Amino acid sequence: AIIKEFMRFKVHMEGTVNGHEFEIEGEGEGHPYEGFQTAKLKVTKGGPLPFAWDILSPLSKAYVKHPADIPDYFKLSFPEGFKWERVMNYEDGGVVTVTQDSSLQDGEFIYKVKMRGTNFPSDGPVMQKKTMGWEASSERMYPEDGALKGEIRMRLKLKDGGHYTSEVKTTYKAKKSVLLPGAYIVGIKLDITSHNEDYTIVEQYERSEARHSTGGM
């Protein structure tokens with residue numbers, strides 16, 4: 001009754017990437033029990049961004065479809081919600097660090113995101129805007145030290161046909177005691193469905209579903 005079959009969200013992000021300061025404000029909506037969501041984002045400070053939008057898109061776990069037999073840590077955390085901290089280590093030394101708060105206010109999810117990105121090479125695909133969206137990912141979720149930890153090897157498509165990899169670690173922490181699942185996998189596909197000419201208005205789509213592992217966690 002706390003999380004309805006349809007839920008909206010608002011997101012505010014503040015960040016710096018290689019020293020470039022920016023802010024994003026957005027609104028999203030989706031069906032949390034179906035693993036479907038969309039969002040429309042606006043760059044409100046620092047636009048147009050001089051780097052690939054794709055590094056920001058993975059910066060909304062309440063909208064993961066969980067089978068009944070896998071406890072849903074994220075949904076169970078509400079109304080209080082949860083928080084997360086993440087490091088994304090890109091293969092060329094680029095690094096993004098993130099904090100996030102997820103709350104429920106006035107019947108919608110509220111996401112506050114703070115991030116810092118550094119060491120993206122000036123001639124690399126992020127600063128040269130040569131990326132073309134993320135391949136589908138498998139986030140391996142593990143209960144550890146009283147939290148849920150996620151690990152991902154993520155692959156960003158490049159305009160030239162190759163891929164640019166990021167090793168991701170996240171700690172997700174509920175704001176109250178919640179039943180922890182065993183270790184499991186969240187399958188994720190995120191698309192940038194539309195954008196204006198300078199990526200100051202961007203729309204995203206994401207589908208996510210939890211599953212049991214088959215081969216070793």
# chains A, B, ... in the order shown; residues from 1 in each chain; ligands from 1

$ closest_atom_pairs --of "range 5-65 of chain A" --to "range 92-98 of chain A" --cutoff "9 Å" --atoms "only C-alpha atoms" --output "tab-separated table"
residue	atom	partner	partner_atom	distance
A:15	CA	A:98	CA	8.9
A:17	CA	A:96	CA	8.2
A:55	CA	A:96	CA	8.4
A:59	CA	A:98	CA	7.9

$ residues_around --residues "range 144-153 of chain A" --least-positions-apart "6" --cutoff "8 Å" --atoms "only C-alpha atoms" --output "VMD selection string"
chain A and resid 137 to 138 165 to 174 180

$ closest_residue --among "A:16, A:6, A:32, A:71" --to "residue 119 in chain A" --atoms "only C-alpha atoms"
A:16

$ atom_distance --atom1 "CA of residue 25 in chain A" --atom2 "CA of residue 206 in chain A"
17.8 Å

$ residues_around --residues "range 125-133 of chain A" --least-positions-apart "6" --cutoff "8 Å" --atoms "only C-alpha atoms" --output "list in words"
residues 50, 51, 52, 54, 55, 156, 157, 158, 159, 190, 191 and 192 of chain A

$ closest_residue --among "A:154, A:202, A:210, A:62" --to "residue 185 in chain A" --atoms "only C-alpha atoms"
A:210

$ atom_distance --atom1 "CA of residue 42 in chain A" --atom2 "CA of residue 77 in chain A"
28.4 Å

$ residues_around --residues "residue 213 in chain A" --least-positions-apart "6" --cutoff "9 Å" --atoms "only C-alpha atoms" --output "PyMOL selection string"
chain A and resi 140+183-185

$ write_last_selection --atoms "C-alpha atoms" --output "short mmCIF file (atom, residue, chain, number, x, y, z; two decimals), in the first residue's frame"
data_model
loop_
_atom_site.label_atom_id
_atom_site.label_comp_id
_atom_site.auth_asym_id
_atom_site.auth_seq_id
_atom_site.Cartn_x
_atom_site.Cartn_y
_atom_site.Cartn_z
CA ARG A 140 25.52 -9.28 -8.67
CA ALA A 183 22.92 -13.33 -3.24
CA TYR A 184 21.20 -12.89 -6.61
CA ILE A 185 21.39 -11.11 -9.99
#

$ atom_distance --atom1 "CA of residue 116 in chain A" --atom2 "CA of residue 43 in chain A"
16.2 Å

$ select_by_dssp --residues "range 35-134 of chain A" --states "strand (DSSP E or B)" --output "NGL selection string"
:A and (36-45 or 65 or 82-90 or 95-105 or 108-118 or 131-134)

$ residues_around --residues "residue 27 in chain A" --least-positions-apart "2" --cutoff "9 Å" --atoms "only C-alpha atoms" --output "PyMOL selection string"
chain A and resi 8-11+25+29+38-41
